[PDB]
Structures are given as structure tokens and as C-alpha cells.
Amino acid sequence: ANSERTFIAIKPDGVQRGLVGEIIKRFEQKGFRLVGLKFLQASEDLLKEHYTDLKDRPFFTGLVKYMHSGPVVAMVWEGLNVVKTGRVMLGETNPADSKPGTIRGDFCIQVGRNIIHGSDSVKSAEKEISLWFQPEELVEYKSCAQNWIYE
């Protein structure tokens, strides 16, 4: 319950525009803990399975080639309702709909360059975590401030 995990990935425009540290900071100060972290240049084959739900969409080719044109920061975060609250912290998928104070609302403009991706559901979280991370690369530890975050 207090160990739910979600997949968060900083897109190539986030790395290029230098927003990797700020994004990691909003999740740290919130109270979530990092379980996995890697710096990687994804293959278009990997992205196709990650975006297999959108293969019918007209933007699919441009989305896969944009996600491949640069490195990404693949993370795994853990905490009570990390999937949902993470989506709230991220904002709406279109930055034009995001409210200020959200990651997209403070840092990006266009839908095709929305700097960050969050797992839309627990089922989408477990599918994406097992896709980008192996079980070895996920680190298990207890934050020194757990008893001050949860009861």
C-alpha cells in the first residue's frame, strides 16, 4: 500500500533544457523515494512497446522519433498513490491545459515537447517498470523520514 511504484521518464527536451534536477526535486520534497534511476538513449523498438497503445494515432511516428532523438532519464518512484499524485504533479499531458505549479505547467508549452512522462495507471506502471528496468536495477531502502511521511 505504502510501496506503490510508478514509472517517470524525463524526455529528451527535459535533459536538453536542463530540467532533470528540478524534476527530481519536486518528487523528493513531496515525500516519494527513488527506487530506480538510469540515463539511457532509448531505442525506437523500446519506445514502440512503451507506446504500443498509440500505434493507430497519426502522431505515433513523430513521437517515437522524438523520444529517440535524445537521451532520457528513466526513474522509478515509490509512495502512497505515487501513480495518481505523480500524474497530478506532472499536470495534464497537454501543457496548454496544465495548471501553473505543475511540472509541465511551469516548464513546457507544446504537447510534442512535454519534457516528462508518467504512468497513467498501476497496470501501466508495472508494465513500464518491467520494460525499462530489470529487477536488479531497483534499489530497496527505508527513508530516514518514513515515520514523518506516513502513519
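From 1 onward, residues are counted along the sequence shown.
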Exercise. Which is higher in the entry, the mean Cα B factor of 12-20 or that of 134-142?
Worked result: 134-142
Seminar exercise, completed: Higher of the two mean Cα B-factors (46-54, 78-86; per PDB record) comes from 46-54
For this session: Could you check 95, 118, 101, 62 and tell me which one carries the biggest Cα B-factor in the deposited entry?
Result: 95
Exercise. Can you tell me which third, lowest, middle or highest, the CA B-factor of residue 109 falls into for its chain?
Worked result: lowest
Problem set entry | CA B-factor ranking of residue 35, expressed as a third of its chain | middle
